[PDB]
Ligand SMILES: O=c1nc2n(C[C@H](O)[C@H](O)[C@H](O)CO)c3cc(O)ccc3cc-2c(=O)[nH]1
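As a starting point, one isolated chain is supplied in structure tokens, in the form solved without the named molecule.
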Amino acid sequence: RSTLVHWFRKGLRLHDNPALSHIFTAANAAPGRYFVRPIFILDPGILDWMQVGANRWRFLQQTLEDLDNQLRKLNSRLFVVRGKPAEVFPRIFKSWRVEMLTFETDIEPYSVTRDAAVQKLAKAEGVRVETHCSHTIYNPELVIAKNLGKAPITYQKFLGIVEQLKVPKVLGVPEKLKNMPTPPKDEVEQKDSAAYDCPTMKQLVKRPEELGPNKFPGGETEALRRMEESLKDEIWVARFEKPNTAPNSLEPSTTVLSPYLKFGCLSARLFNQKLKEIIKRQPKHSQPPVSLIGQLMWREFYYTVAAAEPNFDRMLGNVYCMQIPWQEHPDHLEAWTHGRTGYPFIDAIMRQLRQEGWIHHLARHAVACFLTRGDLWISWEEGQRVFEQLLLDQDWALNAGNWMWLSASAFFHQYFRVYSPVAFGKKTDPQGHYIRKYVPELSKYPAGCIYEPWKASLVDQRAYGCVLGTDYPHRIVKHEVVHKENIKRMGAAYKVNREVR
């Protein structure tokens, strides 16, 4: 027999996976002719690379285990092949006698050059390759082409384009494999029968002391359970307005589907389809940009602008990005990174992020504004790096785009609007329950100064069990001064950019 291979990278699901389904229907169309190998390639070198935190490793570990469990139900399994694609594919193309390889496409620069190299190797070896665009509802290439060769840079124009595009069929889970014995062992499997088994926690998480509570388990099964639980309250879904959801509710005010959508545990096209069905049923409903469907479209929007710019994740060489003379400040960056800025709202958020790997969108706004244009005047690239480490939903395009938005570098330009690290959280948490949870050293402070503890006398600090400078830091900057100076810096940078433009 010859081998059909599906290569999982994102798209870590069985549902709505045309690349995977193509392999399974091809096998059942010619029973006895093929072996099927669903694979994930794991480079064991990067397990101690600092840009992937322990919480995201755990999520991947859990996702891979779920994916194996689901493939087992189809008379298959997951093969987790350790190595780099450049060495792995030449070996397995030969040893498995591979006839066809499928995978879901990705727009990220690294994957573009990785996949081009894979396709070059395949054509040399006479392996067929079939790729599918299913990570996004709309194909960025088609959006850009429909918009005369340019990515739309405003949301309303983007919507106007995608309304003209067709949405492919959402697929179910593939068919069970018929007449599919286990493939014969290759050289690697002959030495170690467990060589391609799912990695353990010990194998994947090198820094387990960095793990926090497992609030958001990995995998497609959890993705679908979580979505279905979200979709149950159709009134909540239909009337959803992002701006009215709280950043500092102890329980998430939004769906927390982002990690599942990032990994492909949940199909964005399926989620889109389910929401459309609800909106048809609910006469009173919100519209984009603020609706739940609108949030999915924001994801589509950023994927499209990112697709057209390999430098999307930096300032220099990035066609969208305002050139702003951000400053280096190691100490302030470290304080922000570790939630020791001395603004309890900011610190609470940065601590929740590190511990749990998800923070609400407007919490992201608050800390990202603070780091960049609002207060510290540090580049959004530094914030991006920290988020990249700590977020379960770390997404190249989404992280870059939203960091440019919040820094008023691209897409958003009204830099006069500046979040207050003192006032913003009060609207939705006047008692400061969120701060009391994530900055417990301040948990006895009255609500009157818990957002602004510098207003407390020394005798009051002592009475509250937390003395500033000892038990919680002094504030690293004075918001009321620096944000006004930074508005002027922003205006000056915009002028310089206009002049070049």
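Shifts are known only where both forms have a C-alpha. Between two forms, the rigid core is defined as the largest C-alpha subset superposing within 1.5 Å. Don't overthink the numbering: it's just position in the shown sequence, from 1.
Below: the form solved in complex with the named molecule, not depicted.
Taking the partner from elsewhere, no residue among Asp347, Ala447 and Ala456 has a non-hydrogen atom within 4.5 angstroms of the named molecule in the deposited bound form. In the deposited bound form, none of the heavy atoms of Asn75 sits within 4.5 Å of a heavy atom of the named molecule. Proximity of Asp460 to the named molecule in the deposited bound form falls outside the 4.5 Å heavy atom cutoff.
In the deposited bound form, the named molecule sits beyond 4.5 Å of every heavy atom of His479. Put simply, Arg114 is close to the named molecule in the deposited bound form: some heavy atom of it is within 4.5 Å. Stretch 51 to 59 is the contacting one of 51 to 59, 25 to 33, 464 to 472, 432 to 440, since its residues have non-hydrogen atoms within 4.5 Å of the named molecule in the deposited bound form. The contact residue chosen from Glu220, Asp106, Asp375, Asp313 relative to the named molecule in the deposited bound form is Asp106, the criterion being a non-hydrogen atom within 4.5 angstroms. Interface residue among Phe79, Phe158, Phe89, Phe263 relative to the named molecule in the deposited bound form, by the heavy atom within 4.5 Å criterion: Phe263.
Along 35 to 51, these residues reach a heavy atom to within 4.5 Å of the named molecule in the deposited bound form: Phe40, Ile41, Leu42, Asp43, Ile46, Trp49, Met50.
Rigid-core fit between this form and the one not shown: of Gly465, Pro31, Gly448, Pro44, the one residue whose Cα shifts 2 angstroms or more is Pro44. Between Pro440 and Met50, the Cα distance is greater in the deposited bound form than in this structure, by no less than 3 angstroms. Wider separation of the C-alpha atoms of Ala335 and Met50, by 3 angstroms or more, is seen in the deposited bound form than in the present form.
After superposition on the rigid core, only one stretch of three or more consecutive residues whose Cα atoms move by at least 2 Å between this form and the one not shown is found, at 43 to 50.
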